[PDB]
Trainee: 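Have a look at the structure that comes next, please.
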Amino acid sequence: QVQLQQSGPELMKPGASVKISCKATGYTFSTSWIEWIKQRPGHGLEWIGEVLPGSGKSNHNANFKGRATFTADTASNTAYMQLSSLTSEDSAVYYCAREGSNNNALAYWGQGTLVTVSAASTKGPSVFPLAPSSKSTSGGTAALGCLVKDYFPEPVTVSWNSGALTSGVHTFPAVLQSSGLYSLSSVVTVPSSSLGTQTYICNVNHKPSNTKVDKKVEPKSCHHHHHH
Amino acid sequence: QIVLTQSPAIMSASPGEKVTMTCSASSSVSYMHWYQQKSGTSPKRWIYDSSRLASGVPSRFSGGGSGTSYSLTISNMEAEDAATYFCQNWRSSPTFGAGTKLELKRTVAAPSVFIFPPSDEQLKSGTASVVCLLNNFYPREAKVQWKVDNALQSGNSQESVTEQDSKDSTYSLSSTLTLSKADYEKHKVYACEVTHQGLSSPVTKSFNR
């Protein structure tokens, strides 16, 4: 099973350098090139360069002006990309990828690493419950959620009940506010019948601020109409 | 250098329709690769060497072409096909096309609207966020407006919309109205009003603080 495991998200100051890792398993490391791909919103996919582990050879997209350097530890089975003289232009998701076993298409991709370049300091989110609310006066279906508010930088992960609950889940794209901080919500719809006995917990991780929170979302104690 | 132009940039197709997206090269190229991406995940190898499906790709997908024109075809559009598709050729620069964003054209569906007052935990920190959820609607166009007592609100809310659902082809939208606790306490009725093609008249959800 070919697998490429990348390092976590990073917040970097302008002018600094960042090094991203790509740990390979499932094949002979020295037999395939590792490709590096950059993705910014509304700008598709950009080829950065590539490294052939144990050969001393790498190729570079000239548009990076020598700022991207690649290495690979043959024994370790890990490839690395270093990007120097960082600016906001470098704020992007970066993937490593391996080409086909018998072909040149990018067959296997790492999960991606989000790098944010900013002068602003990291800020962890506050996680607020969105208590179940009924879809109609009749009852039957309830929406509940978590508000993940005022963090920097991206990304955050949100799951429900440790990944056990996925049906009906909507996690919204983050909104960048005038304050320079992000907020998002994650909601889920569930049967009204489940509210009395099923626990609903949103699991939130904001890696850059080392903030990891599990928030139980409880029904409100009181409402203003007769029970459904 | 050889440039790749994908057309159309955005397309919407009914379920079961045969859909073709094109990748045109400014000069002849000998093969084309295709990748599928859905928001929040890595691109996936989809079609390689022009016509070869990656393992797991449904048989409704096929690819072809030669020279200055290559294409990807779906013989019968499915909900799960809503995605962005990029063509790629190593002799082109940029090596990736800019992508075709494919949407599923389903029947009109009215939003289900929910409102959420601020949590006690938030209020204790000096802020009040009220959230309005518009769940599972189609098409994407929607108006959400906040109304506080007699007056429509402006500039104190932010909206976010999901990508099309891979199963039911709908969108959802969240609107969050944020006020200081002191401004929140000055008013009684908090309402969100929702207009959508699927509704015969506007829907208002509301609570008293």
Side-chain angles (χ1 to χ4, degrees), chain A residues 4 6 37 39 42-47 61-63 93 95 97 99-100 103-112 126-136 141-147 149-150 155 167-168 170-178 183-187 189 215 217 220 224, chain B residues 6 31-35 37 39-49 52 54-55 84 86 88 90 93-99 112-123 125 127 129 131 133 135-136 155 158-163 165 167 170-174 176 178 205 207-208:
Chain A
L4 302 175
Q6 298 181 229
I37 301 94
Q39 178 163 225
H43 282 103
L45 304 166
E46 178 176 30
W47 180 68
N61 187 328
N63 289 319
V93 177
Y95 307 93
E99 314 194 326
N103 182 55
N104 71 288
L106 301 166
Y108 304 98
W109 293 66
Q111 85 274 195
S126 302
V127 175
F128 303 122
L130 293 173
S133 185
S134 190
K135 181 186 191 299
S136 65
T141 305
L144 56 98
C146 282
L147 176 51
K149 211 182 62 136
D150 300 317
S167 172
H170 296 302
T171 300
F172 291 90
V175 171
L176 183 63
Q177 303 169 85
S178 290
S183 297
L184 70 66
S185 277
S186 184
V187 303
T189 51
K215 184 59 166 275
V217 181
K220 298 208 278 186
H224 304 73
Chain B
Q6 285 185 250
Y31 66 89
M32 199 62 62
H33 299 317
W34 301 82
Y35 306 93
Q37 187 177 218
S39 282
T41 50
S42 306
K44 290 178 202 297
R45 187 174 66 156
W46 212 244
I47 304 177
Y48 65 91
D49 293 342
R52 308 293 295 280
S55 181
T84 298
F86 294 98
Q88 193 258 320
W90 285 119
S93 79
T95 186
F96 291 92
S112 303
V113 184
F114 306 77
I115 191 171
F116 301 94
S119 63
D120 298 316
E121 34 271 276
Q122 190 184 21
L123 290 158
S125 64
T127 309
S129 290
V131 178
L133 168 66
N135 213 37
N136 298 169
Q158 293 288 346
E159 289 72 43
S160 183
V161 188
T162 53
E163 302 281 356
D165 189 81
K167 203 160 284 179
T170 60
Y171 301 88
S172 295
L173 172 158
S174 73
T176 301
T178 298
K205 296 302 172 87
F207 68 88
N208 303 319

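These values consider heavy atoms only, across backbone and side chains, with no hydrogens, waters or symmetry-generated copies. Within every chain, numbering begins at 1; the chains are lettered A, B, ... in the order of the sequence lines, protein sequences first and strands thereafter.
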Trainee: Is it the backbone or the side chain of B/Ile115 that comes under 4.5 Å from a heavy atom of chain A, or both, or neither?
Mentor: backbone
Trainee: Minimum heavy-atom separation for B/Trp90 and A/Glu99, please, with both atom names.
Mentor: CZ2-OE2, 3.4 Å
Trainee: Quick check on the interface: out of A/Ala97, A/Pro132, A/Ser133, who has the most heavy-atom pairs with chain B under 4.5 Å?
Mentor: A/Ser133
Trainee: Rounded at 0.5 Å granularity, tell me how far OG in B/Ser42 sits from CD in B/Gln37.
Mentor: 7.5 Å
Trainee: Can you tell me which portion of A/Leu144 sits under 4.5 Å from chain B's heavy atoms? Options are side chain, backbone, both or neither.
Mentor: backbone
Trainee: Please report the closest heavy-atom contact between A/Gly112 and A/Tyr95, naming both atoms and the distance.
Mentor: CA-CD2, 3.5 Å
Trainee: Among B/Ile47, B/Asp120, B/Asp49, which residue forms the greatest number of heavy-atom pairs with chain A at distances under 4.5 Å?
Mentor: B/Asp49
Trainee: Could you give the distance from NZ (B/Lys44) to CZ (B/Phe86), rounded to the nearest 0.5 Å?
Mentor: 14.0 Å
Trainee: Look only at the side chain of B/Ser160 and the backbone of A/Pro173, and say whether a donor-acceptor pair between them is shorter than 3.5 Å.
Mentor: yes
Trainee: Heavy-atom distance under 4.5 Å to chain B: side chain of A/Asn63, backbone, both or neither?
Mentor: neither
Trainee: Out of A/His43, A/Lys220, A/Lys149, return the one with the most heavy atom pairs under 4.5 angstrom to chain B.
Mentor: A/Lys149
Trainee: Check the orientation of B/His33 and B/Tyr35. Use parallel for under 30°, tilted for 30 to 60°, and perpendicular for over 60°.
Mentor: perpendicular
Trainee: Verify, without hydrogens or angle tests, whether A/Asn61 (side chain) and A/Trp47 (backbone) share a donor-acceptor contact under 3.5 angstrom.
Mentor: yes
Trainee: Quick check for you: among A/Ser185, A/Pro129, A/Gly44, A/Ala142, which has the greatest number of heavy-atom pairs under 4.5 Å with chain B?
Mentor: A/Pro129
Trainee: Between B/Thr41 and chain A, with a heavy-atom cut-off of 4.5 Å, which part of the residue counts as in contact: side chain, backbone, both or neither?
Mentor: backbone
Trainee: What part of A/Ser126 is in contact with chain B, defined as an atom under 4.5 angstrom from a non-hydrogen atom: side chain, backbone, both or neither?
Mentor: neither
Trainee: Considering only heavy atoms, which portion of A/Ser183 lies under 4.5 Å from any heavy atom of chain B: side chain, backbone, both, or neither?
Mentor: neither
Trainee: Checking heavy atoms, do the side chain of B/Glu159, its backbone, both or neither come under 4.5 Å from chain A?
Mentor: backbone
Trainee: At a heavy-atom separation under 4.5 Å, does A/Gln177 approach chain B through its side chain, its backbone, both, or neither?
Mentor: neither
Trainee: In terms of heavy-atom pairs under 4.5 Å with chain A, which of B/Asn208, B/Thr178, B/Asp165, B/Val161 leads?
Mentor: B/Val161
Trainee: Could you grab the distance from atom OH of B/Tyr48 to atom OH of B/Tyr31, nearest 0.5 Å is fine?
Mentor: 14.0 Å
Trainee: Is it the side chain or the backbone of B/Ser174 that comes within 4.5 Å of chain A heavy atoms, both, or neither?
Mentor: both
Trainee: Select one option (side chain, backbone, both, neither) describing which atoms of B/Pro43 are under 4.5 Å from chain A's heavy atoms.
Mentor: both
Trainee: Report yes or no: does A/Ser134 contribute a side-chain atom to a donor-acceptor pair with the main-chain N or O of A/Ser136 at less than 3.5 Å?
Mentor: yes
Trainee: Does any backbone or side-chain atom of A/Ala131 lie under 4.5 Å from a heavy atom of chain B? Answer side chain, backbone, both or neither.
Mentor: backbone
Trainee: Test side-chain contact (heavy atoms from CB on, under 4.5 Å) on B/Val131 and B/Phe114 and set out the steps.
Mentor: CA-CA 8 Å; B/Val131 178; B/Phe114 306 77; over 6 Å; no
Trainee: Please report the interatomic distance CG(A/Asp150) to OG1(B/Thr127), rounded to the nearest 0.5 Å.
Mentor: 7.5 Å
Trainee: Measure distances from A/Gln6 to the heavy atoms of chain B and classify the residue's part below 4.5 Å as side chain, backbone, both or neither.
Mentor: neither
Trainee: With a 4.5 angstrom heavy-atom cut-off, could you sort out which part of B/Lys167 is near chain A: side chain, backbone, both or neither?
Mentor: neither
Trainee: Does a donor on one side chain sit under 3.5 Å from an acceptor on the other, for B/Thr176 and B/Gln158?
Mentor: no
Trainee: What part of A/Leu45 gets closer than 4.5 Å to chain B, counting heavy atoms only: side chain, backbone, both or neither?
Mentor: both
